[PDB]
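J.: This one is my_file_34.cif, mmCIF, C-alpha atoms and all ligand atoms.
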data_coords
loop_
_atom_site.label_atom_id
_atom_site.label_comp_id
_atom_site.auth_asym_id
_atom_site.auth_seq_id
_atom_site.Cartn_x
_atom_site.Cartn_y
_atom_site.Cartn_z
CA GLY A 1 -36.66 -119.57 -101.49
CA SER A 2 -33.44 -120.55 -103.24
CA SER A 3 -30.74 -120.72 -100.57
CA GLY A 4 -30.34 -123.66 -98.20
CA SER A 5 -28.65 -125.00 -95.08
CA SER A 6 -28.39 -128.36 -93.32
CA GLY A 7 -26.70 -129.86 -90.27
CA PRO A 8 -26.25 -133.08 -88.27
CA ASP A 9 -27.54 -133.80 -84.77
CA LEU A 10 -26.67 -135.55 -81.51
CA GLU A 11 -28.44 -137.32 -78.64
CA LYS A 12 -27.97 -139.77 -75.77
CA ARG A 13 -26.53 -143.18 -76.65
CA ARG A 14 -29.49 -145.33 -77.67
CA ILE A 15 -29.93 -148.60 -79.56
CA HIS A 16 -30.47 -148.17 -83.30
CA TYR A 17 -32.61 -150.73 -85.12
CA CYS A 18 -32.06 -151.35 -88.83
CA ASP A 19 -35.06 -149.98 -90.74
CA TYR A 20 -34.96 -153.04 -93.00
CA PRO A 21 -37.55 -155.85 -93.28
CA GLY A 22 -36.37 -159.22 -92.01
CA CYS A 23 -32.97 -157.88 -90.99
CA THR A 24 -32.22 -158.45 -87.30
CA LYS A 25 -29.00 -156.45 -86.93
CA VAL A 26 -28.64 -153.54 -84.51
CA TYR A 27 -25.92 -151.14 -83.37
CA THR A 28 -25.53 -148.42 -80.74
CA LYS A 29 -23.86 -146.18 -83.32
CA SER A 30 -25.13 -143.92 -86.11
CA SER A 31 -21.90 -144.31 -88.09
CA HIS A 32 -21.66 -148.10 -87.87
CA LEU A 33 -25.29 -148.50 -88.91
CA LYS A 34 -24.97 -146.39 -92.06
CA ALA A 35 -22.09 -148.67 -93.08
CA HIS A 36 -24.27 -151.75 -92.56
CA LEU A 37 -27.20 -150.42 -94.59
CA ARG A 38 -24.77 -150.21 -97.52
CA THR A 39 -25.34 -153.96 -97.79
CA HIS A 40 -29.11 -153.58 -98.16
CA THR A 41 -28.76 -150.80 -100.74
CA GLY A 42 -27.17 -151.84 -104.02
CA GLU A 43 -28.12 -153.40 -107.35
CA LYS A 44 -28.48 -156.88 -108.84
CA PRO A 45 -28.88 -156.74 -112.64
CA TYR A 46 -27.72 -160.33 -113.16
CA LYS A 47 -30.73 -162.63 -112.93
CA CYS A 48 -30.80 -166.44 -113.01
CA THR A 49 -32.48 -167.36 -116.29
CA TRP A 50 -33.46 -170.75 -114.87
CA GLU A 51 -36.86 -172.44 -114.65
CA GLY A 52 -38.41 -171.61 -111.29
CA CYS A 53 -35.39 -169.75 -109.94
CA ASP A 54 -36.13 -166.06 -109.37
CA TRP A 55 -32.93 -164.96 -107.62
CA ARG A 56 -30.44 -162.28 -108.66
CA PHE A 57 -26.77 -161.42 -108.16
CA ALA A 58 -24.44 -158.43 -108.52
CA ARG A 59 -21.15 -160.07 -109.52
CA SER A 60 -21.02 -161.91 -112.85
CA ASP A 61 -18.76 -164.61 -111.42
CA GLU A 62 -21.08 -165.07 -108.44
CA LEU A 63 -23.98 -166.01 -110.72
CA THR A 64 -21.94 -168.31 -112.96
CA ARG A 65 -21.05 -170.42 -109.92
CA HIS A 66 -24.64 -170.41 -108.65
CA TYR A 67 -25.91 -171.55 -112.05
CA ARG A 68 -23.65 -174.59 -111.74
CA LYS A 69 -25.99 -175.89 -109.04
CA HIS A 70 -28.72 -176.12 -111.68
CA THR A 71 -26.42 -177.61 -114.32
CA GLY A 72 -25.28 -180.21 -111.81
CA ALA A 73 -27.12 -181.82 -108.90
CA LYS A 74 -30.61 -181.10 -107.58
CA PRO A 75 -31.97 -181.44 -104.02
CA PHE A 76 -35.12 -182.87 -105.60
CA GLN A 77 -35.21 -185.81 -108.00
CA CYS A 78 -38.11 -188.09 -108.92
CA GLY A 79 -37.89 -191.87 -109.04
CA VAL A 80 -39.88 -193.09 -112.03
CA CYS A 81 -39.09 -190.31 -114.50
CA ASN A 82 -35.89 -189.61 -112.57
CA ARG A 83 -36.25 -185.90 -113.34
CA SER A 84 -35.05 -182.87 -111.38
CA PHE A 85 -37.05 -180.10 -109.70
CA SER A 86 -36.31 -176.83 -107.91
CA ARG A 87 -39.10 -176.89 -105.32
CA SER A 88 -40.20 -179.82 -103.15
CA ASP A 89 -43.97 -179.35 -103.30
CA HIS A 90 -43.68 -179.63 -107.09
CA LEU A 91 -42.04 -183.04 -106.79
CA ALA A 92 -44.59 -184.34 -104.29
CA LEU A 93 -47.56 -183.16 -106.35
CA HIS A 94 -45.80 -184.24 -109.54
CA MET A 95 -45.89 -187.89 -108.46
CA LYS A 96 -49.64 -187.72 -109.02
CA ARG A 97 -48.96 -187.76 -112.77
CA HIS A 98 -47.24 -191.13 -112.36
CA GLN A 99 -49.85 -192.82 -110.18
CA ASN A 100 -53.51 -193.07 -111.20
ZN ZN B 1 -30.04 -154.38 -91.89
ZN ZN B 2 -30.71 -170.11 -110.03
ZN ZN B 3 -41.67 -188.18 -111.90
#
Take the structure I supplied and represent it as structure tokens, if you would.

T.:
Amino acid sequence: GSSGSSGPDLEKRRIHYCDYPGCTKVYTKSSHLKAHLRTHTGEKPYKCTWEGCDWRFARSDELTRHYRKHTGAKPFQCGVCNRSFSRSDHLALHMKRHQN
């Protein structure tokens, strides 16, 4: 068992469903789908070294810009301490510290 041999296949025109979790994209083509999957398969070495943030990017520039959001404005800011937070729940629960 050393030799080998492979080959494609064909069948009626059916609806193909992306074998990816969450994804809701479909296509009635085997060629178009493969091209789409390319998006799911890749690599994201660049990681946001921010507190709380656990996202990642592929392009260096992409990240840089994203980071700006942290080094700028925040969708969550306290009143008393006037601090900034990434998550909402944290802010709500945080208040406790202020009050009794
Ligand atoms: Zn997909
Ligand atoms: Zn981030
Ligand atoms: Zn506060």

J.: How would you write, as a PyMOL selection string, the set of residues no farther than 12 Å from ligand ZN 1 (chain B) when counting all atoms listed in the file?

T.: chain A and resi 16-27+32-41

J.: Save the residues we just selected, C-alpha atoms, as a compact mmCIF listing (two decimals), keeping the file's coordinate frame?

T.:
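The resulting selection-v1.txt:
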# COMPACT_ATOMS: atom_id res chain seq x y z
CA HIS A 16 -30.47 -148.17 -83.30
CA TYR A 17 -32.61 -150.73 -85.12
CA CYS A 18 -32.06 -151.35 -88.83
CA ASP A 19 -35.06 -149.98 -90.74
CA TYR A 20 -34.96 -153.04 -93.00
CA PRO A 21 -37.55 -155.85 -93.28
CA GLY A 22 -36.37 -159.22 -92.01
CA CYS A 23 -32.97 -157.88 -90.99
CA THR A 24 -32.22 -158.45 -87.30
CA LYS A 25 -29.00 -156.45 -86.93
CA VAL A 26 -28.64 -153.54 -84.51
CA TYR A 27 -25.92 -151.14 -83.37
CA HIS A 32 -21.66 -148.10 -87.87
CA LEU A 33 -25.29 -148.50 -88.91
CA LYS A 34 -24.97 -146.39 -92.06
CA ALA A 35 -22.09 -148.67 -93.08
CA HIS A 36 -24.27 -151.75 -92.56
CA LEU A 37 -27.20 -150.42 -94.59
CA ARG A 38 -24.77 -150.21 -97.52
CA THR A 39 -25.34 -153.96 -97.79
CA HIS A 40 -29.11 -153.58 -98.16
CA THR A 41 -28.76 -150.80 -100.74

J.: Of the candidates A:79, A:4, A:45, A:52, which shows the shortest atom-to-atom distance to ligand ZN 3 (chain B), using only C-alpha atoms and all ligand atoms?

T.: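 Looking only at the distances to ligand ZN 3 (chain B), the closest residue turns out to be A:79.
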
J.: Name the residues in contact with residue A:62 at a cut-off of 12 Å, using all atoms listed in the file, excluding same-chain residues fewer than 6 positions from it; report them as a tab-separated table (two decimals) with C-alpha atoms, in the frame of the given file.

T.:
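Final output, part.tsv:
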chain	number	residue	atom	x	y	z
A	44	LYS	CA	-28.48	-156.88	-108.84
A	46	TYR	CA	-27.72	-160.33	-113.16
A	47	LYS	CA	-30.73	-162.63	-112.93
A	48	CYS	CA	-30.80	-166.44	-113.01
A	55	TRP	CA	-32.93	-164.96	-107.62
A	56	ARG	CA	-30.44	-162.28	-108.66
A	68	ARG	CA	-23.65	-174.59	-111.74
A	69	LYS	CA	-25.99	-175.89	-109.04

J.: Ligand ZN 2 (chain B): which residues are within 7 Å, counting all atoms listed in the file? Reply as a ChimeraX atom specification.

T.: /A:48,50,53-55,66-67,70

J.: Find the residue from A:63, A:58, A:78, A:92 that sits nearest to ligand ZN 3 (chain B); use only C-alpha atoms and all ligand atoms when measuring.

T.: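 Closest candidate: A:78.
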
J.: Give me, please, the distance in Å between atom CA of residue A:28 and atom CA of residue A:14, quoted to one decimal.

T.: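 For atom CA of residue A:28 relative to atom CA of residue A:14, the distance reads 5.9 Å.
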
J.: Ligand ZN 3 (chain B): which residues are within 12 Å, counting all atoms listed in the file? Reply as number ranges by chain.

T.: A: 76-85, 90-99

J.: Can you write out the residues you just picked, keeping C-alpha atoms, as a compact mmCIF listing (two decimals), in the coordinates of the input?

T.:
# COMPACT_ATOMS: atom_id res chain seq x y z
CA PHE A 76 -35.12 -182.87 -105.60
CA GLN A 77 -35.21 -185.81 -108.00
CA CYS A 78 -38.11 -188.09 -108.92
CA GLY A 79 -37.89 -191.87 -109.04
CA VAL A 80 -39.88 -193.09 -112.03
CA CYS A 81 -39.09 -190.31 -114.50
CA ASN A 82 -35.89 -189.61 -112.57
CA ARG A 83 -36.25 -185.90 -113.34
CA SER A 84 -35.05 -182.87 -111.38
CA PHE A 85 -37.05 -180.10 -109.70
CA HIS A 90 -43.68 -179.63 -107.09
CA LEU A 91 -42.04 -183.04 -106.79
CA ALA A 92 -44.59 -184.34 -104.29
CA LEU A 93 -47.56 -183.16 -106.35
CA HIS A 94 -45.80 -184.24 -109.54
CA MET A 95 -45.89 -187.89 -108.46
CA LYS A 96 -49.64 -187.72 -109.02
CA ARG A 97 -48.96 -187.76 -112.77
CA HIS A 98 -47.24 -191.13 -112.36
CA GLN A 99 -49.85 -192.82 -110.18

J.: Suppose you want the space between atom CA of residue A:74 and atom CA of residue A:89; what is it in Å?

T.: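 Answer for the atom CA of residue A:74 to atom CA of residue A:89 separation: 14.1 Å.
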
J.: Any idea what the distance is between atom CA of residue A:86 and atom CA of residue A:51?

T.: 8.1 Å

J.: A:1, A:59, A:100, A:31: which is nearest residue A:43, counting only C-alpha atoms?

T.: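 Smallest separation from residue A:43 among the options: A:59.
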
J.: Just need the box for stretch 1-10 of chain A, edges along x, y and z, holding every atom the file lists for it with 8 Å tacked onto each side, so centre and edge lengths in Å to one decimal, as JSON.

T.:
{"center_x": -31.5, "center_y": -127.6, "center_z": -92.4, "size_x": 26.4, "size_y": 32.0, "size_z": 37.7}

J.: May I ask you to restore N, CA, C and O atoms in stretch 29-50 of chain A and write the result as a PDB file, in the coordinates of the input?

T.:
ATOM      1  N   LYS A  29     -24.623-147.225 -82.640  1.00  0.00           N
ATOM      2  CA  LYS A  29     -23.860-146.180 -83.320  1.00  0.00           C
ATOM      3  C   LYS A  29     -24.555-145.754 -84.607  1.00  0.00           C
ATOM      4  O   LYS A  29     -25.122-146.581 -85.321  1.00  0.00           O
ATOM      5  N   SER A  30     -24.502-144.458 -84.902  1.00  0.00           N
ATOM      6  CA  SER A  30     -25.130-143.920 -86.110  1.00  0.00           C
ATOM      7  C   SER A  30     -24.193-144.055 -87.306  1.00  0.00           C
ATOM      8  O   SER A  30     -24.636-144.045 -88.454  1.00  0.00           O
ATOM      9  N   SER A  31     -22.898-144.178 -87.030  1.00  0.00           N
ATOM     10  CA  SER A  31     -21.900-144.310 -88.090  1.00  0.00           C
ATOM     11  C   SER A  31     -21.776-145.761 -88.538  1.00  0.00           C
ATOM     12  O   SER A  31     -21.688-146.045 -89.734  1.00  0.00           O
ATOM     13  N   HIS A  32     -21.770-146.676 -87.575  1.00  0.00           N
ATOM     14  CA  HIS A  32     -21.660-148.100 -87.870  1.00  0.00           C
ATOM     15  C   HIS A  32     -22.875-148.591 -88.647  1.00  0.00           C
ATOM     16  O   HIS A  32     -22.752-149.387 -89.580  1.00  0.00           O
ATOM     17  N   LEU A  33     -24.051-148.113 -88.257  1.00  0.00           N
ATOM     18  CA  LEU A  33     -25.290-148.500 -88.910  1.00  0.00           C
ATOM     19  C   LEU A  33     -25.261-148.145 -90.396  1.00  0.00           C
ATOM     20  O   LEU A  33     -25.441-149.004 -91.259  1.00  0.00           O
ATOM     21  N   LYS A  34     -25.028-146.869 -90.685  1.00  0.00           N
ATOM     22  CA  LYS A  34     -24.970-146.390 -92.060  1.00  0.00           C
ATOM     23  C   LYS A  34     -24.113-147.320 -92.921  1.00  0.00           C
ATOM     24  O   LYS A  34     -24.460-147.621 -94.063  1.00  0.00           O
ATOM     25  N   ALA A  35     -22.995-147.772 -92.363  1.00  0.00           N
ATOM     26  CA  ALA A  35     -22.090-148.670 -93.080  1.00  0.00           C
ATOM     27  C   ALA A  35     -22.761-150.008 -93.361  1.00  0.00           C
ATOM     28  O   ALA A  35     -22.553-150.604 -94.419  1.00  0.00           O
ATOM     29  N   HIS A  36     -23.567-150.477 -92.414  1.00  0.00           N
ATOM     30  CA  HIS A  36     -24.270-151.750 -92.560  1.00  0.00           C
ATOM     31  C   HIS A  36     -25.322-151.660 -93.664  1.00  0.00           C
ATOM     32  O   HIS A  36     -25.389-152.518 -94.544  1.00  0.00           O
ATOM     33  N   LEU A  37     -26.144-150.618 -93.605  1.00  0.00           N
ATOM     34  CA  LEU A  37     -27.200-150.420 -94.590  1.00  0.00           C
ATOM     35  C   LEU A  37     -26.649-150.568 -96.010  1.00  0.00           C
ATOM     36  O   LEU A  37     -27.330-151.081 -96.898  1.00  0.00           O
ATOM     37  N   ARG A  38     -25.414-150.121 -96.212  1.00  0.00           N
ATOM     38  CA  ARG A  38     -24.770-150.210 -97.520  1.00  0.00           C
ATOM     39  C   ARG A  38     -25.014-151.574 -98.153  1.00  0.00           C
ATOM     40  O   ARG A  38     -25.106-151.698 -99.375  1.00  0.00           O
ATOM     41  N   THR A  39     -25.113-152.600 -97.313  1.00  0.00           N
ATOM     42  CA  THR A  39     -25.340-153.960 -97.790  1.00  0.00           C
ATOM     43  C   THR A  39     -26.740-154.112 -98.370  1.00  0.00           C
ATOM     44  O   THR A  39     -26.930-154.764 -99.397  1.00  0.00           O
ATOM     45  N   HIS A  40     -27.720-153.507 -97.706  1.00  0.00           N
ATOM     46  CA  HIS A  40     -29.110-153.580 -98.160  1.00  0.00           C
ATOM     47  C   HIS A  40     -29.291-152.805 -99.461  1.00  0.00           C
ATOM     48  O   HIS A  40     -29.987-153.260-100.371  1.00  0.00           O
ATOM     49  N   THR A  41     -28.663-151.636 -99.547  1.00  0.00           N
ATOM     50  CA  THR A  41     -28.760-150.800-100.740  1.00  0.00           C
ATOM     51  C   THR A  41     -27.686-151.168-101.754  1.00  0.00           C
ATOM     52  O   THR A  41     -26.496-151.174-101.441  1.00  0.00           O
ATOM     53  N   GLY A  42     -28.113-151.472-102.976  1.00  0.00           N
ATOM     54  CA  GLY A  42     -27.170-151.840-104.020  1.00  0.00           C
ATOM     55  C   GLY A  42     -27.845-152.012-105.369  1.00  0.00           C
ATOM     56  O   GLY A  42     -28.625-151.162-105.797  1.00  0.00           O
ATOM     57  N   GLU A  43     -27.543-153.120-106.038  1.00  0.00           N
ATOM     58  CA  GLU A  43     -28.120-153.400-107.350  1.00  0.00           C
ATOM     59  C   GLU A  43     -27.738-154.802-107.819  1.00  0.00           C
ATOM     60  O   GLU A  43     -26.582-155.213-107.709  1.00  0.00           O
ATOM     61  N   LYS A  44     -28.717-155.532-108.346  1.00  0.00           N
ATOM     62  CA  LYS A  44     -28.480-156.880-108.840  1.00  0.00           C
ATOM     63  C   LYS A  44     -29.116-157.081-110.211  1.00  0.00           C
ATOM     64  O   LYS A  44     -30.210-157.628-110.345  1.00  0.00           O
ATOM     65  N   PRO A  45     -28.411-156.626-111.258  1.00  0.00           N
ATOM     66  CA  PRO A  45     -28.880-156.740-112.640  1.00  0.00           C
ATOM     67  C   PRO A  45     -28.876-158.184-113.137  1.00  0.00           C
ATOM     68  O   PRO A  45     -29.781-158.610-113.854  1.00  0.00           O
ATOM     69  N   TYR A  46     -27.847-158.932-112.751  1.00  0.00           N
ATOM     70  CA  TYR A  46     -27.720-160.330-113.160  1.00  0.00           C
ATOM     71  C   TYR A  46     -28.823-161.177-112.538  1.00  0.00           C
ATOM     72  O   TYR A  46     -28.934-161.279-111.316  1.00  0.00           O
ATOM     73  N   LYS A  47     -29.640-161.789-113.391  1.00  0.00           N
ATOM     74  CA  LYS A  47     -30.730-162.630-112.930  1.00  0.00           C
ATOM     75  C   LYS A  47     -30.587-164.055-113.465  1.00  0.00           C
ATOM     76  O   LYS A  47     -30.206-164.258-114.618  1.00  0.00           O
ATOM     77  N   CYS A  48     -30.893-165.034-112.622  1.00  0.00           N
ATOM     78  CA  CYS A  48     -30.800-166.440-113.010  1.00  0.00           C
ATOM     79  C   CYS A  48     -31.903-166.806-113.992  1.00  0.00           C
ATOM     80  O   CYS A  48     -33.072-166.910-113.620  1.00  0.00           O
ATOM     81  N   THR A  49     -31.527-167.005-115.252  1.00  0.00           N
ATOM     82  CA  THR A  49     -32.480-167.360-116.290  1.00  0.00           C
ATOM     83  C   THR A  49     -32.816-168.849-116.245  1.00  0.00           C
ATOM     84  O   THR A  49     -32.795-169.531-117.269  1.00  0.00           O
ATOM     85  N   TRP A  50     -33.122-169.345-115.051  1.00  0.00           N
ATOM     86  CA  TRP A  50     -33.460-170.750-114.870  1.00  0.00           C
ATOM     87  C   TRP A  50     -34.953-170.930-114.629  1.00  0.00           C
ATOM     88  O   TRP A  50     -35.645-169.984-114.254  1.00  0.00           O
TER      89      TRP A  50
END
